[PDB]
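Take a look at this single chain, the form deposited in one PDB entry, given in structure tokens.
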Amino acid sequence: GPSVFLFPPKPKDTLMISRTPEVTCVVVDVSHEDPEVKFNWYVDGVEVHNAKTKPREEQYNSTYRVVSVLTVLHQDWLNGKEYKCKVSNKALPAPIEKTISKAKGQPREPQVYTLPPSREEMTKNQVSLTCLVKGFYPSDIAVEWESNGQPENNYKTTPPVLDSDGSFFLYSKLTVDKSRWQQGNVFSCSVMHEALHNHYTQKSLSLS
């Protein structure tokens, strides 16, 4: 029989009013003989009807892939509402259901410190700009880097890591060439989390 997976919205989507968060429901390993699937979508247990269903698309292993997309309201997602995808296929007796929701737990505000490169690193032609984000709950978060209004490029972020006090931290690392840093250019770490004011904060860092 098939398998079904249910993806949450992109954190930034739910956290920013201008964007548009969606819950996604994809079923894989569907037949060729009876390959027609029926979605049923439920919010806090009451069925809903605005879901957009894509028509099935075959993959290389010749199994189809069918996804349904549900727009959610920001406040509903952040207020804990359960979304439940219920998928029916006639190569299944009992239809299978999955439910997702926002990470449960009491929200805690992240502290955001920017840390300049180690003096020892100034021997290389790349330096590391560090953004420490700690003390946040739940784990759903978004961290970006930018400079003079524009998305900075060479960066990479660690997964959230459970801290000793039950909360979460992460580090994000931006690699820039030494010259830019030494010039005096200003870089900024932008964080997006439900426990921040406006769901958004920014901390800047430049050579002094």
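A residue's number is simply how far along the shown sequence it sits, counting from 1.
Beyond the structure shown, there is the form solved in complex with a partner chain, which is absent from this document and is the topic of what follows.
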| query | finding |
| --- | --- |
| Touches the partner chain in the entry with it bound: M192 (any heavy atom, 4.5 Å) | yes |
| 4.5 angstroms heavy atom contact with the partner chain in the entry with it bound for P55 | no |
| Non-hydrogen atom contact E36 with the partner chain in the entry with it bound at 4.5 angstroms | no |
| 4.5 angstroms heavy atom contact with the partner chain in the entry with it bound for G45 | no |
